[PDB]
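Protein chains in written order, with PDB author numbering: chain A, 1126 to 1177; chain B, 3 to 113; chain C, 676 to 788.
Note that the Cβ used here is the ideal one computed from N, Cα and C, for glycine as well.
First up is the structure itself, then whatever we jot down about it.
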Amino acid sequence: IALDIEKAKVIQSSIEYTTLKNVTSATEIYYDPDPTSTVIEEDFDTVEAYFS
Amino acid sequence: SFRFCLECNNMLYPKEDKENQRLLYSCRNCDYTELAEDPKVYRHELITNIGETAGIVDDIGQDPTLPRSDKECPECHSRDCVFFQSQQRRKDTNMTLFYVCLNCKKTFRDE
Amino acid sequence: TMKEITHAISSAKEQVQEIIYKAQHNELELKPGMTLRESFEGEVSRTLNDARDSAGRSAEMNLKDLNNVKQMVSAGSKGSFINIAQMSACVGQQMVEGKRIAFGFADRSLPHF
Ligand SMILES: [Zn+2]
Ligand SMILES: [Zn+2]
């Protein structure tokens, strides 16, 4: 690992601390009274694909 | 953005009906209740870019301490302009320039 | 030698101008563990330090053996290379708290800029 850069980078990634807040960009709260469907149109396709 | 009560000017907190399954903005100081238009109750930006270009005034061309360039205006193609960096002053802030024309007074970049 | 020193300082200032343009067009490489502003400041400071060292080295190579400052520096009794550089070629960059002169006014160092 000391003479190889890729394995060293793998070890570095495995050591460094990473929280959810680091990768998160924005969080939102929405009102949706239908458990099996949704009001948002952008995500409607993906969630209906999941449920089906 | 949050709305205010139309009768006693207090804040309209969101409320949910168990029987009707609707989102309603209701004032806790009275019985007033108005139907909500959007379900976006709350939004938090961990990384934000607001205030970077929001610090702009319409009289910034009268400041004598600002540098003057000859960059081309995208709208009226003037030959004089005034530039400055980002008004946000965090440690992560970029060093990109904002140019202001002396005729249309709009803010535009160089990219 | 004065022509050579002036050429070195002018070339360094042109290099600093190029670094400024690159940082103002998002074309600057970020040193790991440091922000864009910190990397830009460090790179400009390194360029200016190299400029002063090059000008001083030119000035110190110019000196004859009969030069008295050279004789004192070579004896090791008083003075060093930086003294010759600052006396003859260039004083260099002034650092306050390990950084260049800050913007004590509103976004400038003096009301003459
Ligand atoms: Zn009310
Ligand atoms: Zn214009």
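Do the CB positions of residue i and residue j come within less than 7 angstroms of each other?
i, j, result
"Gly63 of chain B", "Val84 of chain B", "yes"
"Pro16 of chain B", "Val59 of chain B", "no"
"residue 2 of chain B", "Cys75 of chain B", "Beyond the ends of chain B as shown, which are 3 and 113, falls residue 2 of chain B; an answer cannot be given."
"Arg45 of chain B", "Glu1153 of chain A", "yes"
"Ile759 of chain C", "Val744 of chain C", "yes"
"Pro1160 of chain A", "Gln23 of chain B", "no"
"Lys739 of chain C", "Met747 of chain C", "no"
"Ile680 of chain C", "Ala781 of chain C", "no"
"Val766 of chain C", "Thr722 of chain C", "no"
"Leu8 of chain B", "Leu26 of chain B", "no"
"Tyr1155 of chain A", "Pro41 of chain B", "yes"
"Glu47 of chain B", "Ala1151 of chain A", "yes"
Among all the DSSP beta bridges, which residues are the ones paired with residue i?
i, result
"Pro16 of chain B", "B:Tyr27"
"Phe100 of chain B", "B:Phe86"
"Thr1152 of chain A", "B:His46"
"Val771 of chain C", "C:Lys774"
"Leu37 of chain B", "B:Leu26"
"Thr109 of chain B", "B:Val102"
"residue 1 of chain B", "The structure shown does not extend to residue 1 of chain B, since chain B is modelled only from 3 to 113, so the question has no answer here."
"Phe6 of chain B", "B:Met13"
Note down, in chain order, each residue of its chain lying with its Cβ closer than 8 angstroms to the Cβ of residue i, except the 5 sequence neighbours on either side.
i, result
"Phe4 of chain B", "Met13 and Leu14"
"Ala683 of chain C", "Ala726, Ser729, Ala730 and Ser733"
"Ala56 of chain B", "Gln89"
"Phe788 of chain C", "none"
"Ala698 of chain C", "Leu711 and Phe715"
"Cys78 of chain B", "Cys103, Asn105 and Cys106"
"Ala1127 of chain A", "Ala1133"
"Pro786 of chain C", "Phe780"
"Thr109 of chain B", "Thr55, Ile58, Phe100, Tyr101 and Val102"
"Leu68 of chain B", "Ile62, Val84, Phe85 and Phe86"
Can you list, in chain order, the residues of its chain with a C-beta nearer than 6 angstroms to that of residue i? Leave out the 5 residues immediately preceding and following it.
i, result
"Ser714 of chain C", "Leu705 and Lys706"
"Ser71 of chain B", "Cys83 and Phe85"
If I measure Cβ to Cβ from residue i and keep anything under 7 angstroms in the same chain, skipping five residues before and after, which residues do I get?
i, result
"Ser80 of chain B", "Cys103, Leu104 and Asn105"
"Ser720 of chain C", "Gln768 and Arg775"
Quick one: residues with CB closer than 6 angstroms to any heavy atom of ligand 1, in chain order, please. By the rule of a C-beta closer than 6 angstroms to any heavy atom of ligand 1, the residues picked out are B:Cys7, B:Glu9, B:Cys10, B:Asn12, B:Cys29, B:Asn31, B:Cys32 and B:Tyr34.
Entirely enclosed alpha helix (DSSP H) segments - the region 684-762 of chain C, minimum 4 residues: The region 684-762 of chain C contains these whole alpha helix (DSSP H) runs: 711-737 and 743-750.
Closer than 5 angstroms: residues whose CB approaches a heavy atom of ligand 2: Residues with a Cβ closer than 5 angstroms to any heavy atom of ligand 2, in chain order: B:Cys75, B:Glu77, B:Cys78, B:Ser80, B:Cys103, B:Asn105 and B:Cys106.
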